[PDB]
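Everything below belongs to protein-v1.pdb, which stores PDB, C-alpha atoms and all ligand atoms.
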ATOM      1  CA  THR A 163     -18.542 -13.218 -11.940
ATOM      2  CA  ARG A 164     -16.766 -14.737  -8.855
ATOM      3  CA  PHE A 165     -17.922 -11.506  -7.053
ATOM      4  CA  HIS A 166     -21.236 -11.610  -5.072
ATOM      5  CA  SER A 167     -23.639  -8.664  -5.829
ATOM      6  CA  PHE A 168     -24.836  -7.326  -2.398
ATOM      7  CA  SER A 169     -27.638  -4.758  -1.834
ATOM      8  CA  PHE A 170     -26.659  -1.708   0.336
ATOM      9  CA  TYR A 171     -29.326  -3.040   2.829
ATOM     10  CA  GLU A 172     -27.485  -6.433   3.141
ATOM     11  CA  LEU A 173     -24.132  -4.599   3.758
ATOM     12  CA  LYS A 174     -25.907  -2.216   6.222
ATOM     13  CA  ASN A 175     -26.987  -5.404   8.167
ATOM     14  CA  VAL A 176     -23.378  -6.891   8.044
ATOM     15  CA  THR A 177     -21.696  -3.607   9.253
ATOM     16  CA  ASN A 178     -24.224  -2.799  12.086
ATOM     17  CA  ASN A 179     -25.784  -0.041   9.850
ATOM     18  CA  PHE A 180     -22.195   1.150   8.976
ATOM     19  CA  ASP A 181     -21.328   1.984  12.641
ATOM     20  CA  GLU A 182     -18.742   4.825  12.143
ATOM     21  CA  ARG A 183     -17.547   4.351  15.801
ATOM     22  CA  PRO A 184     -14.050   2.741  16.052
ATOM     23  CA  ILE A 185     -13.757  -1.106  16.493
ATOM     24  CA  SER A 186     -11.866  -0.426  19.807
ATOM     25  CA  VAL A 187     -14.990   1.294  21.354
ATOM     26  CA  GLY A 188     -17.347  -1.380  19.828
ATOM     27  CA  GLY A 189     -18.182   0.159  16.387
ATOM     28  CA  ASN A 190     -17.337  -1.269  12.902
ATOM     29  CA  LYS A 191     -14.895   1.447  11.555
ATOM     30  CA  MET A 192     -11.368  -0.097  11.062
ATOM     31  CA  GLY A 193      -9.663   2.616   8.904
ATOM     32  CA  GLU A 194     -10.038   5.300   6.158
ATOM     33  CA  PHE A 197     -11.505   7.387  -1.007
ATOM     34  CA  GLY A 198     -13.788   5.969   1.746
ATOM     35  CA  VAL A 199     -14.153   4.287   5.193
ATOM     36  CA  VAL A 200     -13.357   0.532   5.756
ATOM     37  CA  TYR A 201     -15.923  -1.204   8.075
ATOM     38  CA  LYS A 202     -15.700  -4.666   9.744
ATOM     39  CA  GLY A 203     -18.429  -7.064   8.471
ATOM     40  CA  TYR A 204     -19.765 -10.555   9.373
ATOM     41  CA  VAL A 205     -21.294 -12.737   6.567
ATOM     42  CA  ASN A 206     -22.072 -16.142   8.246
ATOM     43  CA  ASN A 207     -18.775 -17.258   9.973
ATOM     44  CA  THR A 208     -16.596 -15.023   7.678
ATOM     45  CA  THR A 209     -15.261 -11.657   8.952
ATOM     46  CA  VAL A 210     -15.011  -9.248   5.926
ATOM     47  CA  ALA A 211     -13.777  -5.661   5.214
ATOM     48  CA  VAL A 212     -16.479  -3.372   3.615
ATOM     49  CA  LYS A 213     -15.080  -0.163   1.977
ATOM     50  CA  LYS A 214     -17.986   2.359   1.545
ATOM     51  CA  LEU A 215     -16.781   5.125  -0.871
ATOM     52  CA  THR A 222     -17.072  14.055  -8.017
ATOM     53  CA  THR A 223     -19.869  11.367  -8.155
ATOM     54  CA  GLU A 224     -19.233  10.021 -11.737
ATOM     55  CA  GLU A 225     -15.430  10.035 -10.965
ATOM     56  CA  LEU A 226     -16.055   7.925  -7.773
ATOM     57  CA  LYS A 227     -18.105   5.454  -9.939
ATOM     58  CA  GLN A 228     -15.016   5.228 -12.271
ATOM     59  CA  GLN A 229     -12.714   4.377  -9.269
ATOM     60  CA  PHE A 230     -15.374   1.813  -8.140
ATOM     61  CA  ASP A 231     -15.613   0.241 -11.668
ATOM     62  CA  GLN A 232     -11.746   0.343 -11.949
ATOM     63  CA  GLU A 233     -11.203  -1.497  -8.587
ATOM     64  CA  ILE A 234     -13.651  -4.235  -9.842
ATOM     65  CA  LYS A 235     -11.932  -4.342 -13.327
ATOM     66  CA  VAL A 236      -8.434  -4.720 -11.671
ATOM     67  CA  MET A 237      -9.626  -7.244  -8.982
ATOM     68  CA  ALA A 238     -11.406  -9.292 -11.741
ATOM     69  CA  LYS A 239      -8.114  -9.699 -13.734
ATOM     70  CA  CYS A 240      -5.563  -9.602 -10.818
ATOM     71  CA  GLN A 241      -5.723 -12.477  -8.232
ATOM     72  CA  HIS A 242      -2.452 -13.082  -6.275
ATOM     73  CA  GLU A 243      -1.418 -14.020  -2.673
ATOM     74  CA  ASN A 244       0.133 -10.483  -2.209
ATOM     75  CA  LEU A 245      -3.026  -8.620  -3.425
ATOM     76  CA  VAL A 246      -6.277  -8.044  -1.422
ATOM     77  CA  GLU A 247      -9.200 -10.289  -2.610
ATOM     78  CA  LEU A 248     -12.596  -8.717  -3.572
ATOM     79  CA  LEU A 249     -15.469 -11.005  -2.371
ATOM     80  CA  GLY A 250     -18.154  -8.659  -3.831
ATOM     81  CA  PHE A 251     -19.625  -5.126  -4.189
ATOM     82  CA  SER A 252     -22.869  -3.023  -3.998
ATOM     83  CA  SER A 253     -24.008  -0.324  -6.543
ATOM     84  CA  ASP A 254     -27.325   1.014  -5.084
ATOM     85  CA  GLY A 255     -27.665   4.801  -5.761
ATOM     86  CA  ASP A 256     -25.069   7.306  -4.352
ATOM     87  CA  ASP A 257     -23.846   4.490  -1.946
ATOM     88  CA  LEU A 258     -21.004   2.357  -3.518
ATOM     89  CA  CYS A 259     -19.507  -0.498  -1.357
ATOM     90  CA  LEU A 260     -16.574  -2.945  -2.006
ATOM     91  CA  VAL A 261     -16.317  -6.166   0.144
ATOM     92  CA  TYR A 262     -12.826  -7.808   0.544
ATOM     93  CA  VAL A 263     -11.241 -10.707   2.536
ATOM     94  CA  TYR A 264     -10.585  -9.381   6.113
ATOM     95  CA  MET A 265      -6.910  -8.492   6.930
ATOM     96  CA  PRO A 266      -6.595  -9.128  10.715
ATOM     97  CA  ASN A 267      -3.300  -7.131  11.217
ATOM     98  CA  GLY A 268      -4.402  -3.972   9.293
ATOM     99  CA  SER A 269      -1.912  -1.672   7.443
ATOM    100  CA  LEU A 270       1.951  -1.728   7.468
ATOM    101  CA  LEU A 271       1.788   1.992   8.504
ATOM    102  CA  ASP A 272      -0.254   1.028  11.650
ATOM    103  CA  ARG A 273       2.152  -1.878  12.534
ATOM    104  CA  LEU A 274       5.362   0.189  11.827
ATOM    105  CA  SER A 275       3.881   2.869  14.220
ATOM    106  CA  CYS A 276       2.853   0.045  16.694
ATOM    107  CA  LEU A 277      -0.694   1.602  16.736
ATOM    108  CA  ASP A 278      -3.071   0.341  19.538
ATOM    109  CA  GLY A 279      -0.060  -1.153  21.448
ATOM    110  CA  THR A 280       0.743  -3.865  18.807
ATOM    111  CA  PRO A 281       4.296  -5.294  19.197
ATOM    112  CA  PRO A 282       7.060  -3.968  16.861
ATOM    113  CA  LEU A 283       7.680  -5.964  13.611
ATOM    114  CA  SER A 284      10.973  -7.991  13.639
ATOM    115  CA  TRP A 285      13.503  -7.507  10.762
ATOM    116  CA  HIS A 286      12.599 -11.108   9.645
ATOM    117  CA  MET A 287       8.846 -10.194   9.329
ATOM    118  CA  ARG A 288       9.805  -6.811   7.701
ATOM    119  CA  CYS A 289      11.942  -8.639   5.040
ATOM    120  CA  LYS A 290       9.015 -11.042   4.235
ATOM    121  CA  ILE A 291       6.584  -8.028   3.982
ATOM    122  CA  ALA A 292       9.008  -6.214   1.571
ATOM    123  CA  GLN A 293       9.315  -9.391  -0.626
ATOM    124  CA  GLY A 294       5.499  -9.922  -0.534
ATOM    125  CA  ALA A 295       4.694  -6.264  -1.439
ATOM    126  CA  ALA A 296       7.282  -6.436  -4.323
ATOM    127  CA  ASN A 297       5.741  -9.774  -5.548
ATOM    128  CA  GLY A 298       2.309  -8.010  -5.539
ATOM    129  CA  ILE A 299       3.582  -4.948  -7.528
ATOM    130  CA  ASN A 300       5.318  -7.400  -9.963
ATOM    131  CA  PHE A 301       1.927  -9.149 -10.592
ATOM    132  CA  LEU A 302       0.206  -5.761 -11.320
ATOM    133  CA  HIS A 303       3.089  -4.645 -13.658
ATOM    134  CA  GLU A 304       3.145  -8.101 -15.425
ATOM    135  CA  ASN A 305      -0.660  -7.586 -15.955
ATOM    136  CA  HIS A 306      -0.024  -4.044 -17.392
ATOM    137  CA  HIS A 307      -1.420  -2.052 -14.381
ATOM    138  CA  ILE A 308       0.128   1.010 -12.586
ATOM    139  CA  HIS A 309      -1.013   1.438  -8.902
ATOM    140  CA  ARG A 310      -0.193   5.235  -8.706
ATOM    141  CA  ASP A 311      -0.525   5.273  -4.838
ATOM    142  CA  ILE A 312       1.940   2.661  -3.399
ATOM    143  CA  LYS A 313       2.182   3.631   0.334
ATOM    144  CA  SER A 314       2.479   1.785   3.731
ATOM    145  CA  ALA A 315      -1.241   2.653   4.395
ATOM    146  CA  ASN A 316      -2.225   0.704   1.170
ATOM    147  CA  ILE A 317      -0.149  -2.433   2.164
ATOM    148  CA  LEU A 318      -2.361  -4.623   4.458
ATOM    149  CA  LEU A 319      -1.188  -7.624   6.588
ATOM    150  CA  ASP A 320      -3.102 -10.959   7.059
ATOM    151  CA  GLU A 321      -2.932 -13.325  10.131
ATOM    152  CA  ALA A 322       0.614 -14.460   9.004
ATOM    153  CA  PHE A 323       1.738 -10.799   8.312
ATOM    154  CA  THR A 324       1.653 -11.620   4.537
ATOM    155  CA  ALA A 325       1.784  -8.270   2.609
ATOM    156  CA  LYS A 326      -1.323  -7.538   0.424
ATOM    157  CA  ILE A 327      -1.409  -4.444  -1.900
ATOM    158  CA  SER A 328      -4.824  -2.612  -1.782
ATOM    159  CA  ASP A 329      -6.603   0.437  -3.369
ATOM    160  CA  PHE A 330      -6.605   0.084  -7.231
ATOM    161  CA  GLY A 331      -9.297   2.811  -7.721
ATOM    162  CA  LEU A 332      -6.744   5.151  -9.414
ATOM    163  CA  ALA A 333      -4.902   2.218 -11.161
ATOM    164  CA  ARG A 334      -4.133   2.783 -14.911
ATOM    165  CA  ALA A 335      -3.364   0.244 -17.727
ATOM    166  CA  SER A 336       0.093   0.334 -19.486
ATOM    167  CA  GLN A 341       4.679   4.192 -23.999
ATOM    168  CA  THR A 342       4.629   6.689 -21.073
ATOM    169  CA  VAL A 343       1.695   9.125 -21.093
ATOM    170  CA  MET A 344       0.751  12.401 -19.261
ATOM    171  CA  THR A 345      -2.391  13.435 -17.352
ATOM    172  CA  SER A 346      -4.201  16.667 -16.492
ATOM    173  CA  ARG A 347      -5.325  15.068 -13.205
ATOM    174  CA  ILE A 348      -2.175  14.364 -11.039
ATOM    175  CA  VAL A 349      -3.087  11.813  -8.246
ATOM    176  CA  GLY A 350      -1.109  10.007  -5.460
ATOM    177  CA  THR A 351       0.548  10.858  -2.080
ATOM    178  CA  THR A 352       3.230  13.638  -2.382
ATOM    179  CA  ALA A 353       5.631  12.028   0.191
ATOM    180  CA  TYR A 354       5.717   8.763  -1.916
ATOM    181  CA  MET A 355       5.295  10.289  -5.453
ATOM    182  CA  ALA A 356       8.232  10.353  -7.964
ATOM    183  CA  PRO A 357       9.312  13.642  -9.662
ATOM    184  CA  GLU A 358       7.755  12.712 -13.092
ATOM    185  CA  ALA A 359       4.526  11.544 -11.292
ATOM    186  CA  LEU A 360       4.262  14.989  -9.548
ATOM    187  CA  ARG A 361       4.694  16.536 -13.081
ATOM    188  CA  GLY A 362       1.861  14.312 -14.498
ATOM    189  CA  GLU A 363       3.768  11.398 -16.173
ATOM    190  CA  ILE A 364       2.057   7.929 -15.765
ATOM    191  CA  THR A 365       4.763   5.165 -15.693
ATOM    192  CA  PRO A 366       5.207   1.887 -13.718
ATOM    193  CA  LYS A 367       8.676   3.398 -12.876
ATOM    194  CA  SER A 368       6.824   5.891 -10.547
ATOM    195  CA  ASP A 369       5.404   2.863  -8.579
ATOM    196  CA  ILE A 370       9.067   1.735  -7.988
ATOM    197  CA  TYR A 371       9.996   5.172  -6.469
ATOM    198  CA  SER A 372       6.968   4.961  -4.075
ATOM    199  CA  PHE A 373       8.103   1.406  -3.038
ATOM    200  CA  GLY A 374      11.624   2.806  -2.287
ATOM    201  CA  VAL A 375       9.940   5.185   0.256
ATOM    202  CA  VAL A 376       8.029   2.142   1.734
ATOM    203  CA  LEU A 377      11.384   0.222   2.054
ATOM    204  CA  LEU A 378      12.770   3.256   4.024
ATOM    205  CA  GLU A 379       9.589   3.169   6.236
ATOM    206  CA  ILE A 380      10.329  -0.576   6.904
ATOM    207  CA  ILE A 381      14.077   0.118   7.699
ATOM    208  CA  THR A 382      13.503   3.302   9.837
ATOM    209  CA  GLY A 383       9.933   2.789  11.224
ATOM    210  CA  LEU A 384       9.435   6.538  10.455
ATOM    211  CA  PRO A 385       6.410   7.948   8.536
ATOM    212  CA  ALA A 386       7.039   9.224   4.928
ATOM    213  CA  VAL A 387       6.173  12.813   6.118
ATOM    214  CA  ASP A 388       6.320  14.362   9.662
ATOM    215  CA  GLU A 389       5.635  18.151  10.135
ATOM    216  CA  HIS A 390       7.707  18.215  13.410
ATOM    217  CA  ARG A 391      10.793  16.450  11.845
ATOM    218  CA  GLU A 392      14.010  17.343   9.887
ATOM    219  CA  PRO A 393      14.089  16.085   7.231
ATOM    220  CA  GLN A 394      10.225  16.300   7.029
ATOM    221  CA  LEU A 395      10.168  13.913   3.976
ATOM    222  CA  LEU A 396      11.791  10.472   4.627
ATOM    223  CA  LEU A 397      13.132  10.237   0.991
ATOM    224  CA  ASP A 398      15.507  13.186   1.881
ATOM    225  CA  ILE A 399      17.582  10.878   4.237
ATOM    226  CA  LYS A 400      19.065   9.276   1.027
ATOM    227  CA  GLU A 401      20.899  12.646   0.442
ATOM    228  CA  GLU A 402      22.097  12.903   4.119
ATOM    229  CA  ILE A 403      23.544   9.315   3.835
ATOM    230  CA  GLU A 404      25.071   9.971   0.320
ATOM    231  CA  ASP A 405      26.587  13.333   1.529
ATOM    232  CA  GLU A 406      27.993  11.222   4.486
ATOM    233  CA  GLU A 407      26.228  13.687   6.911
ATOM    234  CA  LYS A 408      24.609  10.639   8.657
ATOM    235  CA  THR A 409      24.746   6.786   8.252
ATOM    236  CA  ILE A 410      21.953   4.188   7.556
ATOM    237  CA  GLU A 411      22.631   2.701  11.086
ATOM    238  CA  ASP A 412      21.634   6.140  12.589
ATOM    239  CA  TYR A 413      18.129   5.772  10.971
ATOM    240  CA  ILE A 414      17.561   1.944  11.461
ATOM    241  CA  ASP A 415      14.425   1.374  13.648
ATOM    242  CA  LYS A 416      15.685   0.842  17.267
ATOM    243  CA  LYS A 417      12.483  -1.272  17.895
ATOM    244  CA  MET A 418      14.216  -4.429  16.437
ATOM    245  CA  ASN A 419      16.798  -6.870  17.985
ATOM    246  CA  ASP A 420      17.287  -9.148  14.879
ATOM    247  CA  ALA A 421      18.473  -6.558  12.245
ATOM    248  CA  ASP A 422      21.915  -7.616  10.832
ATOM    249  CA  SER A 423      23.773  -4.668   9.137
ATOM    250  CA  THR A 424      24.489  -6.657   5.873
ATOM    251  CA  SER A 425      20.715  -7.276   5.249
ATOM    252  CA  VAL A 426      19.579  -3.728   6.340
ATOM    253  CA  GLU A 427      22.298  -2.177   4.064
ATOM    254  CA  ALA A 428      21.149  -4.551   1.227
ATOM    255  CA  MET A 429      17.478  -3.351   1.563
ATOM    256  CA  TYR A 430      18.700   0.321   1.674
ATOM    257  CA  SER A 431      20.690  -0.395  -1.573
ATOM    258  CA  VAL A 432      17.349  -1.437  -3.258
ATOM    259  CA  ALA A 433      15.505   1.584  -1.680
ATOM    260  CA  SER A 434      18.300   3.990  -2.888
ATOM    261  CA  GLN A 435      18.188   2.417  -6.434
ATOM    262  CA  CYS A 436      14.317   2.657  -6.376
ATOM    263  CA  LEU A 437      14.650   6.382  -5.369
ATOM    264  CA  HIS A 438      16.835   7.463  -8.385
ATOM    265  CA  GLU A 439      15.357  10.855  -9.530
ATOM    266  CA  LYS A 440      15.873   9.610 -13.171
ATOM    267  CA  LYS A 441      12.940   7.198 -14.015
ATOM    268  CA  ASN A 442      15.049   5.232 -16.600
ATOM    269  CA  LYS A 443      17.928   4.631 -14.064
ATOM    270  CA  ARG A 444      15.516   3.026 -11.482
ATOM    271  CA  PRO A 445      15.318  -0.811 -11.398
ATOM    272  CA  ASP A 446      12.196  -2.645 -12.760
ATOM    273  CA  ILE A 447      10.037  -4.582 -10.181
ATOM    274  CA  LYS A 448      11.554  -7.936 -11.422
ATOM    275  CA  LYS A 449      15.058  -6.668 -10.358
ATOM    276  CA  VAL A 450      13.607  -5.320  -7.016
ATOM    277  CA  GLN A 451      12.120  -8.854  -6.456
ATOM    278  CA  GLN A 452      15.501 -10.575  -7.248
ATOM    279  CA  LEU A 453      17.543  -8.159  -5.009
ATOM    280  CA  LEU A 454      15.114  -8.627  -2.027
ATOM    281  CA  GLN A 455      15.129 -12.463  -2.637
ATOM    282  CA  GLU A 456      19.012 -12.401  -2.626
ATOM    283  CA  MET A 457      18.892 -10.280   0.620
ATOM    284  CA  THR A 458      17.270 -13.245   2.553
ATOM    285  CA  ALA A 459      19.422 -15.973   0.813
TER     286      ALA A 459
HETATM  287  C1  LIG B   1      -7.275  -3.737  13.414
HETATM  288  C2  LIG B   1      -7.452  -3.417  11.934
HETATM  289  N1  LIG B   1      -7.182  -2.249  11.385
HETATM  290  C3  LIG B   1      -7.464  -2.353  10.088
HETATM  291  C4  LIG B   1      -7.360  -1.452   9.109
HETATM  292  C5  LIG B   1      -7.716  -1.772   7.798
HETATM  293  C6  LIG B   1      -7.595  -0.857   6.821
HETATM  294  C7  LIG B   1      -6.618   0.041   6.716
HETATM  295  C8  LIG B   1      -6.839   0.754   5.613
HETATM  296  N2  LIG B   1      -7.944   0.289   5.037
HETATM  297  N3  LIG B   1      -8.418  -0.722   5.789
HETATM  298  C9  LIG B   1      -8.197  -3.065   7.549
HETATM  299  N4  LIG B   1      -8.489  -3.324   6.258
HETATM  300  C10 LIG B   1      -9.028  -4.481   5.826
HETATM  301  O1  LIG B   1      -9.371  -5.430   6.529
HETATM  302  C11 LIG B   1      -9.120  -4.531   4.432
HETATM  303  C12 LIG B   1      -8.937  -5.736   3.765
HETATM  304  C13 LIG B   1      -9.006  -5.764   2.381
HETATM  305  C14 LIG B   1      -9.242  -4.586   1.683
HETATM  306  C15 LIG B   1      -9.405  -3.388   2.383
HETATM  307  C16 LIG B   1      -9.636  -2.166   1.716
HETATM  308  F1  LIG B   1     -10.769  -1.656   2.112
HETATM  309  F2  LIG B   1      -8.654  -1.319   2.009
HETATM  310  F3  LIG B   1      -9.681  -2.322   0.392
HETATM  311  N5  LIG B   1      -9.330  -3.401   3.728
HETATM  312  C17 LIG B   1      -8.269  -3.970   8.621
HETATM  313  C18 LIG B   1      -7.910  -3.592   9.852
HETATM  314  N6  LIG B   1      -7.902  -4.252  11.011
HETATM  315  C19 LIG B   1      -8.318  -5.651  11.245
END

Show how you would write the structure in this file as structure tokens.
Amino acid sequence: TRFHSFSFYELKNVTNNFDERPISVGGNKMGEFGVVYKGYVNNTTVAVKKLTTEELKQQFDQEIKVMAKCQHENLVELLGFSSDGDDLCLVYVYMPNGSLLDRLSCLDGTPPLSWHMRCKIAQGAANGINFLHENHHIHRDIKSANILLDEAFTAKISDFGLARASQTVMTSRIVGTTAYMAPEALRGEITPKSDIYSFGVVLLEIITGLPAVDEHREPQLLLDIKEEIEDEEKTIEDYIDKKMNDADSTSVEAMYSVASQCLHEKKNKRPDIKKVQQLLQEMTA
């Protein structure tokens, strides 16, 4: 439709024959169910994601199905694709500032995100999840690594390969990232309410600047700090990222309130994305 059909050979020419060397050393590999390569079509920089074989083809076809129906400022934009043999490629609009994970970790010496930018990213990401949920899709892998940032640090949700259409069902194949996954999701339930839980973990990543899981940490899983703060063992202020100078307590506590609500172990007691949107909008009012 709107999507250009590339040959693998065209995308090989765009990506310097899919140079797996990092962009920093002069290759085309930017990040990693596949590797994301930098591409040049004319005067447009693009991101080329090269991905069981029939199950990969389903994730490919799903991404195209979702990206065909879902177009929104807080979602990545598919420019085209390539289906030539056992080599499946998806071409998107280039995101100059990479993933939220990378920027929260200040990877490659990038400056720390201000509270103001962090609040806009949270709102953007929420607006993107709202669009997917309004259009009866469940992401099933909402994480900081799947939230990409454009030139204006506008949040764009990515990776809809495992996305499901939405009456809560169950699955034999349990997918997602443990550190972000809700209890029912880990048990095989498929609900948009599980996406909310995962976002709660992302809101804690934004507040703390800490990764969802760290082997050499206590607690190892970031979601466990909710208990420490509820059992008055620690405070939110003890966990607030020290790499910010513009974080007012009222606003940080307000985002934690949403994160805590999002992270209710009872699916039905979690807020819907529309409420998450409203609460985060009120936070910046
Ligand atoms: C310095 C730097 N690091 C980067 C990391 C990624 C990155 C992290 C994880 N996947 N891709 C990235 N991604 C994209 O441009 C992009 C854009 C749209 C869609 C995708 C898709 F493939 F994920 F669907 N990727 C750009 C990056 N830049 C410019």

Nearest to residue 360 of chain A among A:326, A:417, A:310, A:400, with distances taken over only C-alpha atoms: which residue is it?
A:310

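Note that atom CA of residue 204 of chain A and atom CA of residue 169 of chain A are 14.9 Å apart.
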
Taking all atoms listed in the file into account, which residues have an atom no farther than 10 Å from ligand LIG 1 (chain B)? I'd like them as a VMD selection string.
chain A and resid 184 to 186 191 to 194 197 to 203 209 to 215 233 245 to 249 259 to 273 277 to 278 280 314 to 321 326 to 331

Could you dump the residues just selected with C-alpha atoms as a PDB file, keeping the file's coordinate frame?
ATOM      1  CA  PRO A 184     -14.050   2.741  16.052  1.00  0.00           C
ATOM      2  CA  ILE A 185     -13.757  -1.106  16.493  1.00  0.00           C
ATOM      3  CA  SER A 186     -11.866  -0.426  19.807  1.00  0.00           C
ATOM      4  CA  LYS A 191     -14.895   1.447  11.555  1.00  0.00           C
ATOM      5  CA  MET A 192     -11.368  -0.097  11.062  1.00  0.00           C
ATOM      6  CA  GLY A 193      -9.663   2.616   8.904  1.00  0.00           C
ATOM      7  CA  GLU A 194     -10.038   5.300   6.158  1.00  0.00           C
ATOM      8  CA  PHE A 197     -11.505   7.387  -1.007  1.00  0.00           C
ATOM      9  CA  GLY A 198     -13.788   5.969   1.746  1.00  0.00           C
ATOM     10  CA  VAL A 199     -14.153   4.287   5.193  1.00  0.00           C
ATOM     11  CA  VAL A 200     -13.357   0.532   5.756  1.00  0.00           C
ATOM     12  CA  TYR A 201     -15.923  -1.204   8.075  1.00  0.00           C
ATOM     13  CA  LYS A 202     -15.700  -4.666   9.744  1.00  0.00           C
ATOM     14  CA  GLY A 203     -18.429  -7.064   8.471  1.00  0.00           C
ATOM     15  CA  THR A 209     -15.261 -11.657   8.952  1.00  0.00           C
ATOM     16  CA  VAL A 210     -15.011  -9.248   5.926  1.00  0.00           C
ATOM     17  CA  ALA A 211     -13.777  -5.661   5.214  1.00  0.00           C
ATOM     18  CA  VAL A 212     -16.479  -3.372   3.615  1.00  0.00           C
ATOM     19  CA  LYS A 213     -15.080  -0.163   1.977  1.00  0.00           C
ATOM     20  CA  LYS A 214     -17.986   2.359   1.545  1.00  0.00           C
ATOM     21  CA  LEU A 215     -16.781   5.125  -0.871  1.00  0.00           C
ATOM     22  CA  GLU A 233     -11.203  -1.497  -8.587  1.00  0.00           C
ATOM     23  CA  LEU A 245      -3.026  -8.620  -3.425  1.00  0.00           C
ATOM     24  CA  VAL A 246      -6.277  -8.044  -1.422  1.00  0.00           C
ATOM     25  CA  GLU A 247      -9.200 -10.289  -2.610  1.00  0.00           C
ATOM     26  CA  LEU A 248     -12.596  -8.717  -3.572  1.00  0.00           C
ATOM     27  CA  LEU A 249     -15.469 -11.005  -2.371  1.00  0.00           C
ATOM     28  CA  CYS A 259     -19.507  -0.498  -1.357  1.00  0.00           C
ATOM     29  CA  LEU A 260     -16.574  -2.945  -2.006  1.00  0.00           C
ATOM     30  CA  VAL A 261     -16.317  -6.166   0.144  1.00  0.00           C
ATOM     31  CA  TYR A 262     -12.826  -7.808   0.544  1.00  0.00           C
ATOM     32  CA  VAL A 263     -11.241 -10.707   2.536  1.00  0.00           C
ATOM     33  CA  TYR A 264     -10.585  -9.381   6.113  1.00  0.00           C
ATOM     34  CA  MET A 265      -6.910  -8.492   6.930  1.00  0.00           C
ATOM     35  CA  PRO A 266      -6.595  -9.128  10.715  1.00  0.00           C
ATOM     36  CA  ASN A 267      -3.300  -7.131  11.217  1.00  0.00           C
ATOM     37  CA  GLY A 268      -4.402  -3.972   9.293  1.00  0.00           C
ATOM     38  CA  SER A 269      -1.912  -1.672   7.443  1.00  0.00           C
ATOM     39  CA  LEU A 270       1.951  -1.728   7.468  1.00  0.00           C
ATOM     40  CA  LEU A 271       1.788   1.992   8.504  1.00  0.00           C
ATOM     41  CA  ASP A 272      -0.254   1.028  11.650  1.00  0.00           C
ATOM     42  CA  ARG A 273       2.152  -1.878  12.534  1.00  0.00           C
ATOM     43  CA  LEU A 277      -0.694   1.602  16.736  1.00  0.00           C
ATOM     44  CA  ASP A 278      -3.071   0.341  19.538  1.00  0.00           C
ATOM     45  CA  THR A 280       0.743  -3.865  18.807  1.00  0.00           C
ATOM     46  CA  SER A 314       2.479   1.785   3.731  1.00  0.00           C
ATOM     47  CA  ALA A 315      -1.241   2.653   4.395  1.00  0.00           C
ATOM     48  CA  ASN A 316      -2.225   0.704   1.170  1.00  0.00           C
ATOM     49  CA  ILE A 317      -0.149  -2.433   2.164  1.00  0.00           C
ATOM     50  CA  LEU A 318      -2.361  -4.623   4.458  1.00  0.00           C
ATOM     51  CA  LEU A 319      -1.188  -7.624   6.588  1.00  0.00           C
ATOM     52  CA  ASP A 320      -3.102 -10.959   7.059  1.00  0.00           C
ATOM     53  CA  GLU A 321      -2.932 -13.325  10.131  1.00  0.00           C
ATOM     54  CA  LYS A 326      -1.323  -7.538   0.424  1.00  0.00           C
ATOM     55  CA  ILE A 327      -1.409  -4.444  -1.900  1.00  0.00           C
ATOM     56  CA  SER A 328      -4.824  -2.612  -1.782  1.00  0.00           C
ATOM     57  CA  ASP A 329      -6.603   0.437  -3.369  1.00  0.00           C
ATOM     58  CA  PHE A 330      -6.605   0.084  -7.231  1.00  0.00           C
ATOM     59  CA  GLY A 331      -9.297   2.811  -7.721  1.00  0.00           C
TER      60      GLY A 331
END

The PyMOL selection byres (((chain A and resi 163) around 12) and not hetatm) on the file shown: which residues, as a ChimeraX atom specification?
/A:164-167,234-235,237-239,248-251

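Ranking A:224, A:257, A:446, A:379 by their shortest atom-to-atom distance to residue 413 of chain A, with only C-alpha atoms included, puts A:379 first.
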
Restricting the calculation to only C-alpha atoms: of A:291, A:459, A:377, A:403, which residue gets closest to residue 323 of chain A?
A:291

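Here the PyMOL selection byres (((chain A and resi 374) around 7) and not hetatm) matches the residues residues 370, 371, 372, 373, 375, 376, 377, 378, 433, 434, 436 and 437 of chain A.
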
Find the residues around segment 282-287 of chain A up to 9 Å (all atoms listed in the file counted), leave out those fewer than 2 positions away in its own chain, and share them as a CSV table (one decimal) with C-alpha atoms, in the coordinates of the input.
chain,number,residue,atom,x,y,z
A,273,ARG,CA,2.2,-1.9,12.5
A,274,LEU,CA,5.4,0.2,11.8
A,275,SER,CA,3.9,2.9,14.2
A,276,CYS,CA,2.9,0.0,16.7
A,279,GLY,CA,-0.1,-1.2,21.4
A,280,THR,CA,0.7,-3.9,18.8
A,289,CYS,CA,11.9,-8.6,5.0
A,290,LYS,CA,9.0,-11.0,4.2
A,291,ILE,CA,6.6,-8.0,4.0
A,292,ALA,CA,9.0,-6.2,1.6
A,323,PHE,CA,1.7,-10.8,8.3
A,324,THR,CA,1.7,-11.6,4.5
A,380,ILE,CA,10.3,-0.6,6.9
A,381,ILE,CA,14.1,0.1,7.7
A,417,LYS,CA,12.5,-1.3,17.9
A,418,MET,CA,14.2,-4.4,16.4
A,419,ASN,CA,16.8,-6.9,18.0
A,420,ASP,CA,17.3,-9.1,14.9
A,421,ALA,CA,18.5,-6.6,12.2
A,422,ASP,CA,21.9,-7.6,10.8
A,426,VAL,CA,19.6,-3.7,6.3
A,458,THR,CA,17.3,-13.2,2.6

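With distances taken over all atoms listed in the file, A:302 is the one residue among A:395, A:302, A:359, A:364 lying closest to residue 240 of chain A.
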
Since I can't run it myself right now, could you work out what the PyMOL selection byres (((chain A and resi 335) around 12) and not hetatm) selects here and report it as number ranges by chain?
A: 232, 235-236, 239, 302-310, 330-334, 336, 341-343, 364-366
